[PDB]
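Input: a single structure, listed below in structure tokens.
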Amino acid sequence: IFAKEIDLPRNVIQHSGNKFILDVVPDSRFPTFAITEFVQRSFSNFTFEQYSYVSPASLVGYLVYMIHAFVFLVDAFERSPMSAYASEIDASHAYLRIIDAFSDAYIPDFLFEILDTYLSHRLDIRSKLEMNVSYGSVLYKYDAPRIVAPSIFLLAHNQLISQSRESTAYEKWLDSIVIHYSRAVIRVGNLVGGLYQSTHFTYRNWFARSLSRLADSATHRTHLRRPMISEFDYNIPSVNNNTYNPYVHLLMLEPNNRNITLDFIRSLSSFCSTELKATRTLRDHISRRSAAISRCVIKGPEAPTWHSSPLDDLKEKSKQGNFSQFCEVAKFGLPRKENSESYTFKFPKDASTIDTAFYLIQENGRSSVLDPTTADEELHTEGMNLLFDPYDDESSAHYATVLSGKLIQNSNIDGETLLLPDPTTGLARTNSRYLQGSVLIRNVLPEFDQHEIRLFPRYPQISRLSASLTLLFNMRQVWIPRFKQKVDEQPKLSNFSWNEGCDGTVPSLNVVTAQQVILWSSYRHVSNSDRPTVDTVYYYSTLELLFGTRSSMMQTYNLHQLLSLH
Amino acid sequence: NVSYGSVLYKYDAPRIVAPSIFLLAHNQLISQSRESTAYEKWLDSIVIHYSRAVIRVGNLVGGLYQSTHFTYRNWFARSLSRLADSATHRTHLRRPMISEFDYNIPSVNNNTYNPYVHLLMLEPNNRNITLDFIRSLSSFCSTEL
Amino acid sequence: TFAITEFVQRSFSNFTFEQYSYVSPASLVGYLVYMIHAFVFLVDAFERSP
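Chains as they are written, first to last, in the entry's author numbering: chain A, 71 to 268, 275 to 590, 601 to 652; chain B, 202 to 268, 275 to 352; chain C, 102 to 151.
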């Protein structure tokens with residue numbers, strides 16, 4: 071009736087938002103686990119006599135290699151613009167020969183079940199928000215054990231051949247140096263979490285129990301039943317913060333490794349083609365597009381499968397260790413430290429000269445009840461996962477989600493605040509609210525540095541009603557009022573939530589504005615096109631500020647409780 | 202009905218055959234040793250600690266005593288010794304990949320002994336190995352037996 | 102256990118165990134003794150009242 075009079079399609083302001091690239095970095099421990107179990111159940115059907123490099127370790131390293139190769143091809147040929155890590159790889163003829171080698175290398179149909187979840191995606195209404203997979207946000211002390219280096223499996227190939235009749239033959243593999251990171255010898259036992267010291277000890281977690289089968293030389297007579305055999309002469313690179321490129325390290329593109337890398341790629345591509353009946357490549361697959369990248373696994377506090385402690389060379393035979401002595405070395409779930417009492421606050425001698433409710437220094441009254449969660453095996457190895465899906469509530473589509481490695485691992489964040497729309501501002505700024513559920517990683521504790529992890533618990537959700545928190549006039553900071561001497565009325569101290577008894581050993585505040603936050607996320611954002619720094623990378627603690635609470639949430643087990651080792 | 206709800210350890214321990222003895226026999230069956238009687242390292246293997254006491258395979262099968276160690280071959284140990292003798296280890300190493308059971312020895316007493324936890328290997332440092340054991344041998348029985 | 106060990110003695114050479122890293126005669130005997138005790142737990146937990 072009033073359609074032509076109001077004429078609202080000709081009387082609106084529309085803006086679809088600014089351009090925003092959302093980076094996805096998969097935790098490669100989970101596809102490595104699936105690939106190792108794939109090779110376990112299929113390798114005896116293969117003929118490897120015409121190959122001097124093919125072993126189970128080499129085949130697992132090839133498939134993990136082709137995952138990282140897919141990531142480089144998406145970041146270099148599909149992301150606009152390409153990341154600063156991929157721009158450092160020169161387009162010279164040697165690099166182009168290796169890129170053409172893994173662009174036409176044959177991949178089995180199993181690995182595309184994982185790789186179809188890494189396809190790019192652009193939202194419908196947010197038509198300038200893009201999700202794509204790239205390692206352009208990767209720092210080594212933040213992401214090193216969650217990104218499985220394929221050079222570990224060449225060393226496992228070297229140990230799988232050796233004619234030794236020792237009991238646990240995978241322990242020389244755990245000694246093998248992978249990289250030098252500026253002053254630091256990082257071994258396989260640092261990245262897989264199977265060898266520590268306090275005398276060397278072996279801890280067999282779910283990742284090392286799976287990978288130890290590839291480097292155990294008790295079955296070396298099966299792998300030596302061939303005319304000609306060779307070993308990988310892998311050269312250990314020395315990098316620092318200024319020269320670390322994850323694509324050069326993961327794709328083995330150092331100048332003293334490019335011939336071995338090329339022979340590795342072509343030998344195992346021919347092996348997959350002739351024996352695994354692999355017919356497909358990555359070249360016709362990096363331009364595909366699907367909404368499966370927005371599915372992720374939400375985890376709580378889990379124990380590491382790594383530690384950053386420096387290991388010496390294994391001279392003797394290693395003993396068997398346990399969970400608690402590993403978590404003391406890995407610095408996970410430590411108790412609350414003791415008050416050293418090095419600083420002293422200035423409390424007045426007369427107590428009637430101040431209003432003591434307005435003075436933040438006690439008379440040594442109440443102590444804190446904040447205690448960290450000590451490392452327990454049932455809590456931190458058997459915790460349940462959540463399956464996130466923004467578009468459909470089907471559990472058959474999370475088969476590839478539990479294998480892929482897209483995850484948000486949240487330990488202590490309980491709330492994220494959304495900026496409410498202002499109808500008086502410009503609509504570009506209103507429709508460009510993209511960094512809402514994100515934390516800048518200046519505040520995020522690194523996992524592969526020598527830091528301590530104390531798990532102060534999230535509040536129990538066993539209340540009777542739902543809770544929320546609303547911020548007035550400014551959400552960017554929480555006000556603490558400072559009063560003048562003569563005020564209008566009595567200030568009521570009922571809205572002040574006190575954190576009684578702080579002594580440097582408990583959290584004093586619970587607000588991170590724009601060391602303290604324990605978070606890893608697959609979903610990231612870099613604020614520029616330069617080298618990723620700690621001031622430019624954001625970890626997304628959730629995607630529900632973007633996709634809503636109307637999205638599907640399903641609860642499941644861990645992958646090692648779902649995929650058995652046989 | 203059948204239930205182990207009446208089971209005390211000092212009354213019923215050798216008459217209830219623990220399945221963790223055979224994981225240790227699997228560990229000794231693999232080893233590349235050319236010794237004469239190779240089942241005697243299996244008889245040394247500790248099964249459980251019962252409050253102060255190291256109970257071995259030779260205590261539960263009755264094939265290893267001392268008074275110098277001696278081997279007595281009764282009808283139960285003569286049958287079970289064939290599973291842990293590494294004189295035929297070349298038959299069992301004819302495979303691409305092999306692994307050993309990393310079984311952890313539990314320490315129990317009168318207050319904490321549960322026979323279902325011990326027999327079913329349900330200690331917290333053994334549940335992953337138990338799950339892989341069950342599923343691997345169920346798939347083996349399904350495909351071969 | 103005696104009967105299971107003699108069962109595995111007379112049948113194990115007909116088996117292909119190459120696709121398994123845990124299968125041996127000792128493991129198969131341990132599996133069958135395990136499933137006896139598992140039957141006992143299932144009867145006591147799901148059928149005995151209480």
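Positions of the beta carbon are idealized from the N, C-alpha and C atoms, including for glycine.
For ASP490/A, is the classification buried or exposed, using 16 other Cβ atoms within 10 angstroms of its Cβ as the cut-off for buried?
The residue you call residue 490/A lines up with position 414 of the first sequence. Answer is exposed; the Cβ neighbour count stays below 16.
Would you mind telling me which residues of chain C sit closer than 9 Å to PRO313/B, beta carbon to beta carbon, in chain order?
The residue labelled residue 313/B in the question sits at position 106 within the second sequence. None at all; the shortest Cβ gap to chain C is about 15 Å.
Over what stretch of residues does the beta strand (DSSP E) that includes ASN202/A continue unbroken?
On the first sequence, residue 202/A is found 132 positions in, with the first residue counted as 1. Unbroken beta strand (DSSP E) run through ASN202/A: 199-203.
Is any beta-carbon of chain B found at less than 8 Å from that of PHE147/C?
Taking the third sequence and counting its residues from 1, one reaches residue 147/C at position 46. Taking Cβ atoms only, chain B never reaches closer than 8 Å to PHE147/C, which makes this a no.
Can you tell me the Cα-Cα spacing of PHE434/A and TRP574/A, whole angstroms?
Working through the first sequence from its first residue, we reach residue 434/A at position 358. Working through the first sequence from its first residue, we reach residue 574/A at position 498. Spanning the two alpha carbons is a distance of roughly 11 Å.
Which same chain residues end up closer than 8 Å to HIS296/B when comparing Cβ atoms and leaving out the 5 residues on each side of it in sequence?
Stepping through the second sequence from its first residue, residue 296/B is reached at position 89. For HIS296/B, where only same-chain residues beyond five positions count, the Cβ hits under 8 Å are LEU230, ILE231, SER232, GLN233, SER234.
Cβ of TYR212/A versus every heavy atom of the ligand GTP: is any distance shorter than 7 Å?
The ligand GTP is not part of this structure, which contains no ligands at all.
Report the CB separation of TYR176/A from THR355/A in whole angstroms; it is logged as a contact under 8 Å.
On the first sequence, residue 176/A is found 106 positions in, with the first residue counted as 1. On the first sequence, residue 355/A is found 279 positions in, with the first residue counted as 1. Confirmed, Cβ separation roughly 7 Å.
Contact criterion: CB-CB distance below 8 Å. Does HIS296/A meet it with respect to chain C?
Looking up residue 296/A in the first sequence gives position 220. For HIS296/A, the answer is no, since every Cβ of chain C falls outside 8 Å of its Cβ.
On a Cα-Cα basis, can you pick out the residue from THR432/A, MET639/A, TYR643/A, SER615/A that is closest to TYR205/A?
As a working note, residue 205/A is residue 135 in the first sequence. Of the candidates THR432/A, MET639/A, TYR643/A, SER615/A, the one whose C-alpha sits nearest the C-alpha of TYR205/A is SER615/A.
Report all residues from its chain with a CB closer than 7 Å to the CB of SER384/A; omit the five preceding and five following residues, and keep chain order.
One-based indexing of the first sequence puts residue 384/A at position 308. These residues qualify, in order along the chain: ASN260, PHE524, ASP525, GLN526.
Could you pull the DSSP bridge partners for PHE277/B from this structure?
Along the second sequence, read from residue 1 onward, the residue named residue 277/B stands at position 70. For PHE277/B, which the question treats as bridged, DSSP gives the partners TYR266/B.
Run through DSSP, which three-state label would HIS456/A get?
Along the first sequence, read from residue 1 onward, the residue named residue 456/A stands at position 380. Residue state, collapsed to three classes: helix.
Per DSSP, which one or two residues make a beta bridge with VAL94/A?
Sequence index remark: in the first sequence, residue 94/A carries index 24 (1-based). Answer is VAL203/A, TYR609/A, bridged to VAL94/A.
For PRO151/C and chain D, any beta-carbon pair shorter than 8 Å?
In the structure shown, chain D does not exist; the protein chains are A, B and C.
Going along the region 114-125 of chain A in order, which residues come within less than 7 Å of chain C, judged by CB to CB distance?
Answer set for the region 114-125 of chain A: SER114.
Does the region 250-257 of chain B come close enough to the region 306-321 of chain B to have 3 or more Cβ pairs within less than 8 Å?
Verdict: yes, contact present.
Assuming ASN461/A is part of the alpha helix (DSSP H), what are its boundary residues?
Position 385 of the first sequence, counting from 1, holds the residue named residue 461/A. From DSSP, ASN461/A is part of no alpha helix (DSSP H) but of the beta strand (DSSP E) over 461-465.
Cβ of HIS652/A less than 8 Å from any chain B Cβ?
Translated into the one-based positions of the first sequence, residue 652/A becomes position 566. Answer yes: the Cβ-Cβ gap between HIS652/A and chain B drops below 8 Å somewhere.
Of all the CB atoms in chain C, is at least one closer than 8 Å to the CB of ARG334/B?
Locating residue 334/B in the second sequence gives position 127, where the first residue counts as 1. Cβ-Cβ to chain C under 8 Å: no for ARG334/B.
Let me confirm a value: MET551/A is counted as buried when at least 16 other C-beta atoms fall within 10 Å, else exposed. Which label applies?
Within the first sequence, numbered from 1, the residue matching residue 551/A stands at position 475. That one is exposed.
Is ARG301/A close to chain C, meaning its C-beta is less than 8 Å from at least one C-beta of that chain?
By 1-based counting over the first sequence, the position of residue 301/A is 225. Chain C contact via Cβ: absent.
In angstroms with no decimal places, state the Cα-to-Cα distance between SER197/A and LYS89/A.
The residue labelled residue 197/A in the question sits at position 127 within the first sequence. The residue labelled residue 89/A in the question sits at position 19 within the first sequence. Going from the Cα of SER197/A to the Cα of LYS89/A covers about 8 Å.
Return the residue from the list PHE142/C, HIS138/C, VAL130/C that minimises the CA-CA distance to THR102/C.
Within the third sequence, numbered from 1, the residue matching residue 102/C stands at position 1. Nearest option by C-alpha distance: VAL130/C.
With 8 Å as the C-beta to C-beta threshold (strictly closer), list the residues of the region 553-581 of chain A near chain B in chain order.
For the region 553-581 of chain A, which is checked against every Cβ of chain B, not one residue is closer than 8 Å.
Relative to chain C, which residues along the region 214-238 of chain B have a C-beta separation below 7 Å, given in chain order?
Answer in chain order: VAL218, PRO220, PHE223, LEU224, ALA226, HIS227, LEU230.
In three-state terms, what does DSSP make of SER514/A?
As a working mapping, residue 514/A is identified with position 438 in the first sequence. Strand, per DSSP.
Which chain C residues sit within Cβ distance under 7 Å of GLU351/B?
Counted from its first residue, the second sequence places residue 351/B at position 144. The answer, in chain order, is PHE116, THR117.
So, for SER125/C: in the same chain, excluding its five sequence neighbours on each side, which residues have a beta-carbon less than 7 Å away from its beta-carbon?
For this step, residue 125/C is matched to residue 24 along the third sequence. Correct list: empty, nothing qualifies.
Tell me which residues share the same chain as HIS611/A and place their Cβ nearer than 8 Å to its Cβ, disregarding the 5 neighbours each side in the sequence.
The residue given as residue 611/A occupies position 525 in the first sequence. Excluding sequence neighbours, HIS611/A sits near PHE90, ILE91, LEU92, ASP93, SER207, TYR510, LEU511, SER514, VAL623, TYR624, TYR626.
Under 8 Å, Cβ to Cβ, is there at least one residue of chain A near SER293/B?
Here residue 293/B is taken as the residue at index 86 of the second sequence, counted from 1. Not closer than 8 Å to any Cβ of chain A, the Cβ of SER293/B fails to qualify, so no.
Evaluate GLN120/C with the Cβ neighbour count: other Cβ atoms within 10 Å of its Cβ, from every protein chain shown; 16 or more gives buried, anything less gives exposed.
Along the third sequence, one-based indexing puts residue 120/C at 19. Answer is buried; the Cβ neighbour count reaches 16.
Counting only C-beta atoms, is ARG289/A closer than 8 Å to chain C at any point?
Translated into the one-based positions of the first sequence, residue 289/A becomes position 213. True, the Cβ-Cβ gap to chain C drops below 8 Å.
Go ahead and label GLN485/A buried or exposed: buried means 16 or more other beta carbons lie within 10 angstroms of its beta carbon, across all protein chains shown.
Residue numbering aside, residue 485/A sits at position 409 when the first sequence is read from its first letter. Counting Cβ neighbours within 10 Å, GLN485/A comes out buried, since at least 16 surround it.
Give me the residue from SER345/A, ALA127/A, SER153/A, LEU455/A with the minimum Cα distance to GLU307/A.
For the purposes of this step, residue 307/A is taken as the residue at position 231 of the first sequence. Checking every option, the nearest Cα to that of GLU307/A belongs to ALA127/A.
How is the alpha helix (DSSP H) around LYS211/A delimited, first residue to last?
Looking up residue 211/A in the first sequence gives position 141. Looking at the DSSP string, the run of the alpha helix (DSSP H) that includes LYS211/A is 210-213.
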